[PDB]
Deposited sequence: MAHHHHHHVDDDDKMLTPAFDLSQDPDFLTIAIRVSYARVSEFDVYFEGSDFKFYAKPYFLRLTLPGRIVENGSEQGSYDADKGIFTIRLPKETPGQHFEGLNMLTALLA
């Protein structure tokens, strides 16, 4: 049975985001309406945050640190085209200052 494969090949786009928090988690809501893909990849370390979802890219330096312990929680609303991620704070109770002022990094 003969086989034919075809791969199709594009500027990265900065998505709109809203940041909220409680004593335990920092939540990032990223709207990706032009959801070409439904696969979303998140990388975080210390205060560094990176989100990939072609053609969307968003990088942020957070005012505080996030810990890697599998308690982080991602979810997606198709009705609104919104991906939401909960990141547990490294120091619980710590209040992140200047959240609503954060700029996308290049």
For this chain, which runs of the deposited sequence have no C-alpha coordinates, given in order from the N-terminus? 10-12, 110
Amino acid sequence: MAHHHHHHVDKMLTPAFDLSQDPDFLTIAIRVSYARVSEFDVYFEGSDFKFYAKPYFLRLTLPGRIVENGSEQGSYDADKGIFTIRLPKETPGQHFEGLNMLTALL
From here on, numbers count along this sequence of modelled residues.
Of 59-67 and 74-82, the stretch with the higher mean C-alpha B-factor in the deposited entry is 74-82
Compare the mean C-alpha B-factor of 83-91 with that of 10-18 as given in the PDB entry, and name the stretch with the higher value. 10-18
B-factor third for the C-alpha atom of residue 35 within its chain: highest
